[PDB]
Amino acid sequence: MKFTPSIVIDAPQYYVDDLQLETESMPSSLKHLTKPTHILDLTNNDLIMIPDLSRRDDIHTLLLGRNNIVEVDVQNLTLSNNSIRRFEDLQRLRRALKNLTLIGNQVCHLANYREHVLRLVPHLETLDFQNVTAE
Amino acid sequence: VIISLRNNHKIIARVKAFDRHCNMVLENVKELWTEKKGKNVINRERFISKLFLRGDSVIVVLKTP
Amino acid sequence: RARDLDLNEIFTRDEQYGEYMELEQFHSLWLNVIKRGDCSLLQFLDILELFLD
Amino acid sequence: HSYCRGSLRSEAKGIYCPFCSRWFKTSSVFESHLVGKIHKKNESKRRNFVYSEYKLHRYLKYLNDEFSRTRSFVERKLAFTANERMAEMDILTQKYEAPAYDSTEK
Amino acid sequence: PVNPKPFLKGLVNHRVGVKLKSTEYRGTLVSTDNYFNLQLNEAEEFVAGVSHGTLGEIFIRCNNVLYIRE
Amino acid sequence: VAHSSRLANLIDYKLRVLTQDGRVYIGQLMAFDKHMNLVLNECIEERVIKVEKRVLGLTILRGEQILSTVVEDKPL
Amino acid sequence: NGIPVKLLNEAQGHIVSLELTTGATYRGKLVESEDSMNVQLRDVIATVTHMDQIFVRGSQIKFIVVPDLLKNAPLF
Amino acid sequence: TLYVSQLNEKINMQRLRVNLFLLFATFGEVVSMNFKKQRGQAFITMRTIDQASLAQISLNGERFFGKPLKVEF
Amino acid sequence: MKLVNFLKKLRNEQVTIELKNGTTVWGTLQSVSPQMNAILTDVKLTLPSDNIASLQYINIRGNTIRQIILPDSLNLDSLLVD
Amino acid sequence: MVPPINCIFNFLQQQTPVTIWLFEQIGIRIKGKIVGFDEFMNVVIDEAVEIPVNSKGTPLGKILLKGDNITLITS
Amino acid sequence: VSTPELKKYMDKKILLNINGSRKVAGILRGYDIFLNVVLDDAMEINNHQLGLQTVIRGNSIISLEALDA
RNA sequence: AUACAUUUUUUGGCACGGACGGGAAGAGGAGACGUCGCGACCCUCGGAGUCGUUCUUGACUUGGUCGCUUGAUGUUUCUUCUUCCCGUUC
């Protein structure tokens, strides 16, 4: 069940509680959404890598709950319950992002995980639903 | 003929069409304005072959013999 | 191999995949260049012909 | 090898130079002019333009058939009526937005 | 007794000046209509009471008009 | 997006909308008008540095203020 | 006749929100509306300042937010 | 719909709702006021009922903005 | 008499359009209303010193459109016939 | 009820000190006596006087001020 | 076509919010289908009254917010 | 299957190695006036609901203050260089 153009065209489309598309092993063929969504819900799928996106200027929210994200190739990124294991794997997020959630990922239990994210991704204001504070 | 316009555009052009609203089809079109972010002084004008025009824009049309 | 190959992204409609070349645009720019309107599309093409010699 | 080497020759005026837009009596004065400060200046400022002009020349020559084809098109469309011009445009459009292979090919 | 339209009619072939939505004008009135669009001869462009240029034969669009005066 | 003739034929499509003040209303066109007034199903006003955002809801939008409309996505 | 007008009329009673050309949002119970969106409203806040019975002329109105219950039925 | 209470009422309303949406999106496709009466509470509505039950069991007492949330049907 | 009619007659033309706010709009006129509401396809919005933004379909309103820049080749007299 | 047209008519009958405000123009006002009446708000007003508003007095002749740019009347 | 139902506001003092960020006050005496207002005079908003009665054009009115309930 | 332009919409009151960007330091961007936010010694403390009539509807009610210890944003007047780091392009 490839993420295909045909798949995207029959997918529930609605205004959420922003314009959101309701959605797989590999993220691909996003061209067909035509950059018309503010949010894309990819929860409960089997994606391994957050990669493969076309240029999408609209896209501001990515809900990627319960997948198998182990590597990273936009204002809000929800990655709860995935497979990121090393602090260094979170490095690509420095190039984006204000709301970040990485809970229920092995990486969470690494020593200094919170401080590492804060220094390497300073643009984040809320991390794991807690305010990044000055101290 | 020359036309003055709401947006500071002196339209020197050849008239083709005319109506109640003073909309105009224009040939041999030569507009005159000034792209200028202050203090600056530039005088610019461009040729256009064929051009439709809307009437609310028109302030005063004039004819130079 | 080339499933996402599309000619319409290379040729405009007025070119008809190499049948014609769209020179109207350049006739416009040309009018802008000569600072008048005495020049018609056909007289412009007549000008271009010079470059065949 | 040719163009910038006095490729344009006249039995009367001699040798023309694309960069200085002047002729020259003999090849001798032509050569000793290609080192002069004038020609250095010009060939150093108007090089890209001269070269582009030349390309326009040779590429337009290679496309003579397309040039003619289009000029023809222009005259045709020009001599159309309203309905005619409209239907023709329709045709160009259809050709543009049509599958490269029809479900009804041999 | 004097309405506006009749006054306007009367004032044909006579000097008038027009302000806009701003620059003053000055010229002899040629003719007028119900919509209050104008056609003038010997038009002089009073840029806030400064005759910048003398255009001559002109046609003023109604909606930009502010007032008429002698 | 499809290649429509008119606005009426593309009813209930998610629409970007520009207005004279510079705001951008986005939402599904429920109903049109003789004077281009628009009913929008789930309307979000987006204003501009960087995009400020406000969710409105069901909105009647006056055509005077409307500049131009663009298609954001397909139905549903 | 305009369906947006109809919608507005229906919204009578309900708490509509309402911005003008000026950009001064109101919220209130919609008392009365006309073909020209000549709205009256009760118990109305004005972006803030509270006020009683505001009248607004549709010419100067920009956009009107109606409650999302009217989406359901039965005008369309 | 699940009813949540014991929420940090210092979060602005629009931020609370957006974090609530984010947090609860993990269980399925998804009302909060700051009045005296309703402050510190929210109703989260899901398309699927199984999603509501899963959310309830898995996020009972989840630390949110500093406090352990209490969830109920 | 009517320029509306003329406008209507102009169909499928790839044209630039100029607004009261100065926005230059390159697109194919698929249709126009009786009240000059332009309906374009294959559209390209550019401002008068900044970057471009392209779009598939745009319905622009009649009150906004200051000047529709017509095509290169056009027989005007013919168009003007009833 | 007293309609606007009726009021205008009354004013005309009277010939009284009328002070007109300009639409979308704060700084300027007009002061004269109503002479004309139209179907629209347009009127002719002889012996008019342009006024710069207090955030003096200026010379002005007989004028018709166009109906679209009127705001206030008083007479 | 339809008359603006301002019979509720008849013979009451109203804040006529008018074009260009200005204001007017005064008791409502009449109106028409174009929403022109005829009112017994009051001040322009510190404050200064002009006129005995006043007539405001339809186009000029932003709002006519009731001072009295 | 065989129709028009003079106040509420559209004839408008509109307009005036090389680049790039961000952040910090050092030398020769700054002042109002507003409008919505990070923290807190503070304040403050908790579509729904009722009834008449009939097997389903009609009426009536309902963050504010202080800092920023270098938060974000329009109007409006006046007058950049060098160094280091991080990202795009060739």
Is one or more of the residues making up the range G:54-66 surrounded by fewer than 18 Cβ atoms within 10 Å (Cβ to Cβ) and under 12 Å from the mean Cα position of the chain (by Cα)?
no
Is the range B:22-39 home to any residue that is closer than 22 Å to E:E45 by Cβ, within 14 Å of chain C (Cβ to nearest Cβ), within 15 Å of RNA strand L (Cβ to nearest atom) and part of a loop (DSSP other than H, G, I, E, B)?
no
Could you grab me the full set of residues in the range J:59-75 that are more than 10 Å from RNA strand L (Cβ to nearest atom), of a type outside the set (S, T, N, Q) and either touching a strand residue (DSSP E or B) at 6+ places or on another chain (Cβ under 6 Å) or under 15 Å from J:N42 (Cβ atoms) (or both)?
J:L60, J:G61, J:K62, J:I63, J:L64, J:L65, J:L72, J:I73
Looking for whichever is surrounded by 17 or more Cβ atoms within 10 Å (Cβ to Cβ), within 16 Å of RNA strand L (Cβ to nearest atom) and of a type in the set (A, V, I, L, M) here; the options are E:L40, E:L55, E:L8. Which one fits?
E:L8
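Got a sec? Which of F:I66, F:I60, F:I49 is among the hydrophobic types (A, V, I, L, M, F, W, C) and closer than 21 Å to I:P34 by Cα? Lay out the reasoning, then the answer.
Working: F:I60 fails: closer than 21 Å to I:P34 by Cα; F:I49 fails: closer than 21 Å to I:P34 by Cα.
After ruling out the rest, the residue left standing is F:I66.
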Please verify whether E:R69 is under 19 Å from J:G61 (Cβ atoms), of a type outside the set (A, V, I, L, M) and surrounded by fewer than 17 Cβ atoms within 10 Å (Cβ to Cβ), treating the condition exactly as stated.
no
Report yes if H:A42 is within 10 Å of another protein chain (Cβ to nearest Cβ) and within 12 Å of the chain's Cα centre (by Cα), otherwise no.
no
G:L75: passes all of (1) within 12 Å of RNA strand L (Cβ to nearest atom); (2) under 20 Å from F:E42 (Cβ atoms); (3) not in a strand (DSSP E or B) but (1)
For the range C:5-25, state whether one or more residues are at the interface with chain I (Cβ under 9 Å from one of its Cβ atoms) and among the aliphatic types (A, V, I, L, M).
yes
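So for the range K:14-26 (the condition being facing chain J (nearest Cβ under 9 Å), under 30 Å from G:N1 (Cα atoms) and within 11 Å of the chain's Cα centre (by Cα)), does at least one residue qualify?
Checking the range K:14-26: at least one residue is facing chain J (nearest Cβ under 9 Å), under 30 Å from G:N1 (Cα atoms) and within 11 Å of the chain's Cα centre (by Cα).
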Being over 16 Å from A:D73 (Cα atoms) and within 14 Å of RNA strand L (Cβ to nearest atom) is the filter here, so list the residues in the range A:83-117 that pass it.
A:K98, A:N99
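Within the range G:57-66, is even one residue more than 10 Å from chain F (Cβ to nearest Cβ), near RNA strand L (Cβ under 8 Å from one of its atoms) and not aliphatic (A, V, I, L, M)?
So in the range G:57-66, the residues more than 10 Å from chain F (Cβ to nearest Cβ) come out as G:57.
Now restrict to residues that are near RNA strand L (Cβ under 8 Å from one of its atoms): G:57.
Then keep just the ones that are not aliphatic (A, V, I, L, M); that gives G:57.
Yes: one or more hits.
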Please enumerate the residues belonging to the range J:50-66 that are buried (at least 17 other Cβ atoms within 10 Å of the Cβ) and within 9 Å of chain K (Cβ to nearest Cβ).
none
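Listed here are the residues, each with its yes/no results for (1) more than 14 Å from chain A (Cβ to nearest Cβ); (2) among the aromatic types (F, W, Y); (3) in contact with a helix residue (DSSP H, G or I) (Cβ under 6 Å, 6 or more places away or on another chain).
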site: F:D33; (1), (2), (3): yes, no, yes
site: F:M36; (1), (2), (3): yes, no, no
site: F:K50; (1), (2), (3): no, no, no
site: F:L56; (1), (2), (3): no, no, no
site: F:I66; (1), (2), (3): yes, no, no
site: F:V70; (1), (2), (3): no, no, no
Within the bounds of the range D:59-70, is there any residue that is touching a strand residue (DSSP E or B) at 6+ places or on another chain (Cβ under 6 Å) and of a type in the set (G, A, S)?
no
Select from the range A:9-37 the residues that are more than 18 Å from the chain's Cα centre (by Cα) and of a type in the set (A, V, I, L, M) and write down the one among them that is surrounded by the fewest Cβ atoms within 10 Å (Cβ to Cβ).
A:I9
Take the residues in the range G:25-53 that are near RNA strand L (Cβ under 8 Å from one of its atoms) and in a strand (DSSP E or B); name whichever of them is surrounded by the fewest Cβ atoms within 10 Å (Cβ to Cβ).
G:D43
Residues of the range B:1-56 satisfying the condition of being among the charged types (D, E, K, R), exposed (fewer than 12 other Cβ atoms within 10 Å of the Cβ) and out of contact with any strand residue (DSSP E or B) (no Cβ under 8 Å at 6 or more places or on another chain)
B:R20, B:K36, B:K37, B:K39
Please go through the range J:21-41 and pick out each residue that is under 20 Å from J:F9 (Cβ atoms), near RNA strand L (Cβ under 7 Å from one of its atoms) and touching a strand residue (DSSP E or B) at 6+ places or on another chain (Cβ under 7 Å).
J:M41
Flagged in the range K:31-60 as part of a strand (DSSP E or B), in contact with a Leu (Cβ under 8 Å, 6 or more places away or on another chain), away from RNA strand L (no atom under 12 Å from the Cβ) and of a type outside the set (A, V, I, L, M, F, W, C), in numbering order, are K:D40, K:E44, K:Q53, K:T54
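No value in this document is a laboratory result; all are computed from the given coordinates. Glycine gets a Cβ as well: all are built from the backbone with ideal geometry, and neighbour counts include every protein chain shown.
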